[PDB]
Amino acid sequence: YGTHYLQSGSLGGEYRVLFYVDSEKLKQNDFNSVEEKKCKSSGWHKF
Amino acid sequence: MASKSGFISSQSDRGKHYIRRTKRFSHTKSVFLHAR
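Top line first, the protein sequences correspond to chains A and B.
If you're matching positions, the first sequence starts at 1 in this note's numbering and goes up one per residue.
If you're matching positions, the second sequence starts at 101 in this note's numbering and goes up one per residue.
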């Protein structure tokens, strides 16, 4: 039967909402390019 | 790589080509939904 009785009070209804949204998005491109050339030509002046 | 000599006459040539290619891709998707 509990610890107390109701001496007075009010009756009706209760309504509650908690609502939570959390979005994270990441996009990442890392592009590197090395192009190297060396070339040489030699000959006396025949070769 | 390329190399040449030219000069009676003589001609010499060397060539080399090398290619290596790698593609790796992974995709992971997960959904958990619970309602009570």
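Using N, Cα and C, we set each Cβ at its ideal position, and we do this for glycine too.
{"Check": "State the DSSP-derived secondary structure class of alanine 102/B, mapped to helix, strand or coil.", "Outcome": "strand"}
{"Check": "What residue from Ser110/B, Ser109/B, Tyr118/B and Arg114/B has the CA that sits closest to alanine 102/B's CA?", "Outcome": "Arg114/B"}
{"Check": "Less than 8 Å between the CB atoms is what I'm expecting for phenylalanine 31/A and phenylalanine 107/B, so what's the real figure, rounded?", "Outcome": "Not confirmed; about 46 Å, so no contact."}
{"Check": "Would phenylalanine 107/B pass as an interface residue toward chain A - the criterion being a Cβ-Cβ separation below 7 Å?", "Outcome": "yes"}
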